[PDB]
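There is one chain below, alone, in C-alpha cells, taken in the form deposited in one PDB entry.
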C-alpha cells in the first residue's frame, strides 16, 4: 500500500509511541505523523502536536475505498488527507505544518498479522485454486486486492493463540500445561457467532474475559476498546494491560 512510501508513516506504532516521537521532534504546533490504525481495518491514525498536547484522529477506509476522519470530506489516500489539512484546518485542531519523519533506516512497524499476511494469501490461493508454478503466481497477483479483507477477517484461525471451539475447562487444561508464565494466553470461540473468550494466566490462575461482536460487527471485552479483528485485539493487549489484570505475553501453543 502507498502509505509505506510516506517518510512520516510509522506503521503499526501505538499512540504512546506516536506521542514519544512527537516529543522527540520538539512537539511544535502542527508537527504530525501518520500511523496504521490498530483497531480499524484498512484505517490510519493522524497524530498532531498543538498547545504542547497530542491530538489523535482515526482515518477510516470508507466502503468505496476512500479515506475520512469522522465528520470530514473523503480523500483518495491518507497522503491526500494530510496534504489537504496542510492548506485548510477544516475542523482539525490546527494546520498540519511539518511532518515528523521516521529517522533514516527505521522502518514502519508491522505486527504479527502483517508479517504473516503474504503467506496467508499464498496458502489460501494454493488451497482454493489448486494451481502451481507461474499460473499460481498470476492468480495470487490477480486476486490479492480482492482477498485482502477476507484474509484479514479469517487470519486469526491460522495464528498460534487461536484454539477454535474448545470449552472453558479444555482452555484451563491447555494453559496450565508447562511453564506458568504470567500473561500466557489463548482465545477460544464460544458460539461461532462472533463470541469468544480471552484466557489469560495470572499468578497460576486462568482468567476468562468475554469478547462479543456488537451490531456494527466490532469485537470488544465489555466497556473495552473496539476492534474489527481478533488479531488487532491481541496486538493491543500484548502492548498494554488496558484493564486486563496484566499484558498478554506468550501464546499458548495448540496441543
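Take the two forms, find the largest set of C-alpha atoms that superpose within 1.5 Å, and that set is the rigid core. Residues that one form lacks are left out of the comparison. Positions refer to the first chain, counted from 1.
Just so you know, the form deposited in another entry exists too; it's not on screen, but the next bit is about it.
Once the rigid core is used as the reference frame, the Cα position of residue 167 differs between the shown form and the other one by less than 2 Å. For residue 128, the Cα coordinates differ by 2 angstroms or more between the shown form and the other one after the core has been superposed. In the core-superposed comparison between the shown form and the other one, residue 181 has its Cα shifted by less than 2 Å. After superposition on the rigid core, residues whose Cα atoms move by 2 Å or more in a run of at least three fall only at 125-146 between the shown form and the other one.
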